[PDB]
Amino acid sequence: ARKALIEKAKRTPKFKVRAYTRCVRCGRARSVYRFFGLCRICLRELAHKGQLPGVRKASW
Amino acid sequence: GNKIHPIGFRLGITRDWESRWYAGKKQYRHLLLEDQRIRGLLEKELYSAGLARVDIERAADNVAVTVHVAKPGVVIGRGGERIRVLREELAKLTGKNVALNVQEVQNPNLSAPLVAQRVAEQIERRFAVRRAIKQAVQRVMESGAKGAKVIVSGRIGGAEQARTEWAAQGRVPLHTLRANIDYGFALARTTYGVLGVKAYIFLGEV
Amino acid sequence: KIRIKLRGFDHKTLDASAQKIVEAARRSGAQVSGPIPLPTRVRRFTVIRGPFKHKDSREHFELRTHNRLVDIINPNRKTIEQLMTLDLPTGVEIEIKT
Amino acid sequence: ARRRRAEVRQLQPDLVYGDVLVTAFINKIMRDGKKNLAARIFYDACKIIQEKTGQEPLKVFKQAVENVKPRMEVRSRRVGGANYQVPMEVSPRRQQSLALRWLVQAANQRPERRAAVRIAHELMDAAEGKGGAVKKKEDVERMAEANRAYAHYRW
Amino acid sequence: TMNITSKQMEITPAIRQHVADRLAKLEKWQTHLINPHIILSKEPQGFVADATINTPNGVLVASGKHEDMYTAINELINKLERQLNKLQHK
Amino acid sequence: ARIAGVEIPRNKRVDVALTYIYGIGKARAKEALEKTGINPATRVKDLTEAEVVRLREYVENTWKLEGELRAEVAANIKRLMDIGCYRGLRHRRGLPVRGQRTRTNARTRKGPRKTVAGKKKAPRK
Amino acid sequence: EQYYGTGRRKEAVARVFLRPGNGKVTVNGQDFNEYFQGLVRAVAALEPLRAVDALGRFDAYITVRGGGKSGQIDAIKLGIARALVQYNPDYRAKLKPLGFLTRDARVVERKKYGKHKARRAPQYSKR
Amino acid sequence: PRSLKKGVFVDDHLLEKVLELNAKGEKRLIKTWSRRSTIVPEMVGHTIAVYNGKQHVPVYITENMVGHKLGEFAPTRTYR
RNA sequence: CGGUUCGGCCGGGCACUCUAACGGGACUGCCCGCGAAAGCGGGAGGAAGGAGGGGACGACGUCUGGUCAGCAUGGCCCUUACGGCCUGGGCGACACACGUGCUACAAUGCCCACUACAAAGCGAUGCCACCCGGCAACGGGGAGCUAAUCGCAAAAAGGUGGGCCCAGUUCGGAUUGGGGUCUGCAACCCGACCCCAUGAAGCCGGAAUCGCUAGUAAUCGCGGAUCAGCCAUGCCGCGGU
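Protein chains in written order, with the authors' numbering: chain AN, 2 to 61; chain AC, 2 to 207; chain AJ, 3 to 100; chain AG, 2 to 156; chain Aa, 1 to 90; chain AM, 2 to 126; chain AI, 2 to 128; chain AS, 2 to 81.
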């Protein structure tokens with residue numbers, strides 16, 4: 002993946018303002034979760050895979 | 002897109018999780034994120050070791066971890082060298098005061114996480130192809146292993162589509178909680194096209 | 003006037019590890035706190051099984067939460083320098099608050 | 002729904018008067034779903050009869066069945082090329098429930114005001130034939146004749 | 001009334017007039033259809049044209065994959081016409 | 002209540018008659034009654050000229066409003082329409098001039114209500 | 002000393018420390034006779050009392066908590082049996098004839114993956 | 002309607018230049034790239050020119066145009 | 001039972017309230033008509049039934065459908081450059097076509113007064129009780145919170161009366177100028193929110209078309225998630241009924 006947009010990640014970007022979560026290794030501010038830092042893309046798999054400390058699936 | 006990962010369900014009920022530990026709060030965004038940061042390396046670090054179970058005991062600021070490996074104490078070195086190096090390697094990244102525990106992996110035949118490795122290895126510098134199929138289905142029954150149902154991904158040495166492999170024996174169901182199976186990731190670095198591994202075979206009942 | 007607290011996932015090892023240390027205190031403590039389960043701060047996730055058109059994939063995920071607290075104001079010698087900080091296994095991230 | 006016809010649950014009868022036939026239509030009168038609303042829109046409707054009408058509401062027994070007893074009904078049947086609603090034998094079975102059908106429409110499309118007013122201006126409209134109840138009711142009856150032959154043929 | 005889109009080529013007044021001319025001609029068919037949409041694609045083997053129309057009594061669908069872009073569009077609408085024919089039955 | 006310009010609210014209590022005028026609202030309806038020591042539960046017609054005076058003076062003593070503001074109805078925007086105003090702009094154009102969209106959710110000014118030929122090939126959803 | 006029953010109805014409990022006395026009971030300071038203004042349903046709360054002809058014999062305790070008031074007024078028919086049949090064990094025979102102490106689990110179902118009220122789907126146009 | 006309590010934003014990465022026209026001398030036509038700044042009485046009635054994103058626009062603060070955020074006079078949109 | 005600045009605030013213990021674990025607990029285990037027999041129909045009955053309600057589950061397989069543009073990633077295309085730092089601008093435009101959703105045609109409602117009730121989470125550089133200004137949107141001193149033990153919130157709808165009587169209506173509320181807050185060295189574009197004025201389509205809407213077999217649909221409200229901020233009538237969860 003390119004990195005044409007991480008200049009912002011550099012501590013406080015601009016006059017300290019710009020900031021919009023994004024995913025760890027996918028870059029997708031529009032479908033991520035702060036608390037985890039992982040968009041529903043490169044996280045969907047690992048979910049059911051078995052890499053979330055006691056976080057099963059819901060069904061009822 | 003149907004059929005999920007059955008072992009998934011059991012992971013919380015009947016299948017001790019991998020990233021199992023107790024921390025909580027803000028950690029999950031930075032600290033936990035770091036887990037993968039470290040993962041990416043350690044994983045590629047000694048993939049040749051022949052791992053098959055990456056156990057993790059992230060005790061309250063005193064993590065442990067106890068991965069299982071193919072080669073017995075061989076990994077530790079010709080007596081015990083990098084073993085220590087490792088306990089100080091991870092410290093550079095995170096010197097969170099973390100114990101280093103390791104174990105072996107007996108009965109590889111019933112250890113998909115280890116057998117799946119063999120696969121990736123057969124795609125590093127060309128190995129068996131057509132016969133390669135059953136070529137990796139005999140050791141199965143060789144030590145019991147009821148069932149021989151395993152999936153691949155596609156292509157056959159360099160086809161055009163993505164066929165799949167057959168086989169279907171032994172009572173290793175999926176629509177019911179009566180299987181118990183183990184499998185480990187196995188990226189397929191291919192010269193002409195990466196693929197996927199799906200080694201899943203019976204392990205036990207109740 | 004000491005404060006403590008626990009946490010973990012697989013309660014099979016949590017409630018286990020629980021009295022593994024808790025019980026090792028009545029020897030000198032009073033009636034002691036006691037087994038207090040505390041609410042389960044559930045965490046429900048959801049993963050889209052497939053992007054790109056056909057808005058019918060998804061399916062959810064989840065994770066359990068089981069914390070403890072204890073808290074024994076006015077401890078007792080053979081309970082302070084006793085268990086001290088024992089915590090070999092992995093499943094909790096205790097904090098010896100006050 | 003084919004394997005079983007199930008078993009209907011007898012509705013929870015009335016409380017203020019104690020009678021299923023009462024909470025009967027009420028169950029449907031309950032727009033959206035609020036058992037209090039409907040359980041309030043009657044403390045005037047009945048008094049209407051007790052008032053305007055020289056008789057107490059209680060005397061309005063099977064007044065429903067009376068103005069809602071046609072001789073035809075709505076059904077369907079195939080032949081081999083066309084589709085024509087085939088009406089036939091009517092049973093008091095559904096008549097009881099259907100006897101409250103017209104009430105609905107006769108309580109919606111109205112040039113007046115709130116429910117209360119509509120009720121009054123509709124209650125008395127359950128005798129001769131003024132409004133939409135008996136009006137439309139008798140219409141359904143005209144759906145015989147070239148429908149009336151579907152009578153002997155009963156199956 | 002008539003929307004044509006494609007992720008390969010552009011909409012020309014000729015392609016608009018072609019399809020449009022056929023719409024105004026489909027009088028016997030004129031009965032419903034509310035804001036129809038037609039899409040144009042392309043494959044190494046030829047061109048493909050898909051169309052979807054929503055009506056008060058249901059929805060219709062049609063597709064074409066002739067080697068000729070114009071033929072596909074003409075064929076697709078052909079199915080629209082052929083589809084409406086079955087709607088009236090007999 | 003013919004006291005100023007085309008103001009003739011009547012046939013009910015006064016409390017109602019208050020807000021019952023193109024310019025009166027809340028802080029002007031009963032709020033005025035107070036300043037004039039009147040109860041809301043009064044009759045309008047009944048209030049002889051005597052009572053009307055209190056209104057004819059106190060009440061009529063309003064700023065540029067309703068009947069008189071008819072000299073700024075457009076002036077309120079005269080200075081923010083033509084000129085290169087956005088509102089022009091939204092002024093020069095007489096479109097809504099207060100944080101909102103124009104494609105839709107502002108159909109008040111831009112386009113009355115007459116059915117525009119809806120788009121065909123360019124996602125309408 | 003004396004005994005009592007509690008009550009339950011759609012996640013709405015209600016402790017009722019019934020105590021000897023006249024009969025009527027106050028609600029945290031507002032007896033039904035001066036609280037629930039003849040609230041149609043509310044009254045039914047003591048249907049058995051009317052049957053067993055008790056009521057004017059004791060003097061309960063009233064303080065409801067949890068759930069909705071409607072699902073709270075019904076969390077009484079439970080405590081009743083959990084009291085009238087406790088203190089008075091023999092008072093079970095006349096209890097079954099009513100059986101109203103069956104808290105119907107009828108609760109607003111859970112919304113689905115977009116499904117409005119667990120059983121309500123929007124409409125569709127031209128197809 | 003619009004507001005900011007106090008300190009109306011004035012692009013000052015250019016104010017120094019815009020004020021050169023009134024610091025020791027005068028001059029007309031200066032370049033600009035904004036639509037946020039606000040104008041103050043100190044600098045009014047001067048030949049200016051700002052951008053849009055890709056387009057340039059004529060600017061000249063006068064009494065008839067209360068020097069505000071500016072952008073509210075030449076956004077960007079264009080149609081027929 | 002004693003207390004009672006009547007407000008659970010005290011002394012106090014096990015019921016009990018939920019909550020937190022294990023075991024049992026519902027397979028019809030017993031009668032019959034039917035039976036050729038593995039079985040269809042009324043009773044027992046307990047918290048309860050007949051696969052309890054509910055989902056996850058989702059068969060090897062179809063459409064040879066679509067996400068290589070977001071990770072992985074065959075090849076091919078640029079290769080002073082389809083590489084690169086930046087301020088702004090379109091995606092909140094336009095003669096328009098309907099979907100998806102919200103909110104209303106009301107008198108069931110307009111507003112005044114008081115009040116009995118639900119799950120759930122979450123507030124570490126984060127949330128709000130109180131203090132006073134104050135039309136509030138709002139603010140400052142900062143207590144307290146890593147917490148059944150402080151907040152988020154005196155849930156909404158509702159209930160009793162009060163005033164209002166069918167007109168395009170104290171309906172609905174798109175809507176326009178002048179003013180205010182919160183985020184930002186900033187909210188023209190393109191902020192929701194407080195005030196002043198303000199007020200249309202619209203009396204159920206040609207056809208056509210959708211949802212569910214129970215706590216349903218339906219009506220009224222709440223939180224969480226994300227998001228620095230901000231405009232949830234979207235999304236997930238819960239309930240008064």
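Just so you know, even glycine gets a beta-carbon here, dropped at the ideal spot from N, CA and C.
- The contact set of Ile50(AJ) on chain AN, defined by CB atoms closer than 9 Å, consists of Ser32, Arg41, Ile42, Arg45 in chain order.
- In the structure shown, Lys57(AJ) adopts coil according to DSSP, grouped into three states.
- Looking at the backbone, the Cα of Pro7(AC) and that of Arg45(AJ) are separated by about 21 Å.
- Spanning the alpha carbons of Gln162(AC) and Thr191(AC) requires a straight line of approximately 15 Å.
- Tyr87(AM) sits in a strand when the DSSP states are folded into three classes.
- By the Cβ-count criterion, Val135(AG) is buried, with 16 or more other Cβ atoms from all chains shown falling within 10 Å of its own Cβ.
- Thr13(AN) counts as exposed, since fewer than 16 other C-beta atoms from the protein chains shown sit within 10 angstroms of its C-beta.
- Rounded to whole angstroms, the gap between the alpha carbons of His153(AG) and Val91(AG) is 13 Å.
- When only Cα atoms are considered, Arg128(AI) and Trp167(AC) end up about 41 Å apart.
- For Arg42(AI), no Cβ of chain Aa is located within less than 8 Å of the residue's own Cβ.
- Taking each of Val41(AS), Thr77(AS), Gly54(AS) in turn and checking the Cα distance to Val67(AS), the smallest one comes out for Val41(AS).
- When CB distances to chain AJ are screened at a threshold of 8 Å, the residues of the stretch 15-27 of chain AC falling below it are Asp17, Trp18, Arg21, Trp22, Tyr23, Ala24, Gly25, in chain order.
- Nearest C-alpha to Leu102(AI) among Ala84(AI), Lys113(AI), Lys116(AI): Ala84(AI).
- Contact between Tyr87(AM) and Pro76(AS) is confirmed by a C-beta separation of about 7 Å, below the 8 Å threshold.
- With a beta-carbon spacing of about 6 Å, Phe11(AJ) and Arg66(AJ) fall inside the 8 Å limit used to define contacts.
- Between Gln96(AG) and the set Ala46(AG), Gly133(AG), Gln64(AG), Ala2(AG), the nearest pair of CA atoms involves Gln64(AG).
- Listed along the chain, the chain AC residues whose CB falls inside 8 Å of the CB of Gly28(AN) amount to none; the nearest CB is some 14 Å away.
- Judged by DSSP secondary structure, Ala82(AI) falls within the alpha helix (DSSP H) whose first and last residues are 78-88.
- Under the Cβ criterion of 8 Å, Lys36(AM) is not counted among the residues facing chain Aa.
- Around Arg78(AG), the same chain offers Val87 as residues with beta carbons nearer than 6 Å, after the five sequence neighbours per side are excluded.
- Judged by DSSP in its simplified three-state form, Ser98(AG) adopts helix.
- For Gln136(AC), there is no enclosing beta strand (DSSP E); the enclosing alpha helix (DSSP H) covers residues 133-136.
- For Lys122(AM), the chain Aa residues whose C-beta falls within less than 8 Å of its own C-beta are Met2, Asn3, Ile4, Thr5, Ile11, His37, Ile38, listed in chain order.
- For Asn65(AS), the closest Cβ of chain AM is nearer than 8 Å.
- Approximately 7 Å separates the beta-carbon atoms of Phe47(Aa) and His66(Aa); this is inside 8 Å, confirming the contact.
- Neighbourhood of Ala45(AI) in chain AG, by CB distance below 9 Å: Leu16, in chain order.
- The shortest CA-to-CA distance from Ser112(AC) to any of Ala187(AC), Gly2(AC), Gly25(AC) is the one to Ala187(AC).
- Looking at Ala122(AI), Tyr62(AI), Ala76(AI), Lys97(AI), the one whose alpha-carbon comes closest to that of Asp32(AI) is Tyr62(AI).
- Put simply, the CB of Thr92(AJ) is near chain AC, with a gap under 8 Å to one of its CB atoms.
- At a cut-off of 8 Å between C-beta atoms, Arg60(AJ) does not count as an interface residue with respect to chain AC.
- When DSSP assignments are scanned along the stretch 35-120 of chain AI, the uninterrupted stretches of alpha helix (DSSP H) that are 4 or more residues long and fall wholly within it turn out to be 41-45, 71-74, 78-88.
- Neighbours of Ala2(AG) across chain AI, judged by C-beta separation under 7 Å, do not exist; the nearest C-beta is about 15 Å away.
- One alpha carbon belongs to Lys4(AN), the other to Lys93(AC), and they sit about 25 Å apart.
- Counting C-beta atoms within 10 angstroms of its own C-beta, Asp75(AI) has 16 or more neighbours from the protein chains shown and is therefore classed as buried.
- The secondary-structure analysis by DSSP pairs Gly6(AI) across a beta bridge with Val17(AI).
- Taking 8 Å as the CB threshold, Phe10(AS) stays off the interface with chain AM.
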